[PDB]
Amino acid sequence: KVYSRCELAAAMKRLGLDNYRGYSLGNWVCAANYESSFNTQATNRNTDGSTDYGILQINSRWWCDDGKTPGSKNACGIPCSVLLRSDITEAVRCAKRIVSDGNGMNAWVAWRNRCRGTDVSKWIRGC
């Protein structure tokens, strides 16, 4: 499932991301846009044997278990497959853990490069 910008905004707001750890809804929407193009089925293979999964491209070295990432730690206590669902509940729960890990949303490289220090409220225009 690939979300539309407003459909994702509503889902993320329903699941408590607006102003979570001080990050407005637009930040989260922007991050999803650049991390995955709103695609819950997105996967990206990395050189270390990890993969980034889902709409917020959560990494399998640290956060979820994909059964094939050497040295993986599974801090969200989930199989990575639950991050490939249309239902973003598990992705949001894990994202809340990631954003609380000491660097805010800088954990998402695409957010840092493309969203941070921009006017992110445009991501919720018309929603």
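Start at 1 with the first residue shown and count on from there.
Between 40-48 and 57-65, the higher mean Cα B-factor belongs to 40-48.
Between 110-118 and 15-23, it is 110-118 that carries the larger average Cα temperature factor according to the deposited entry. Note on the listed residues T89, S81, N33, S72: the highest Cα temperature factor in the record is that of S72.
In the PDB entry, a CA B factor belonging to the highest third of its chain's modelled residues is recorded for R85.
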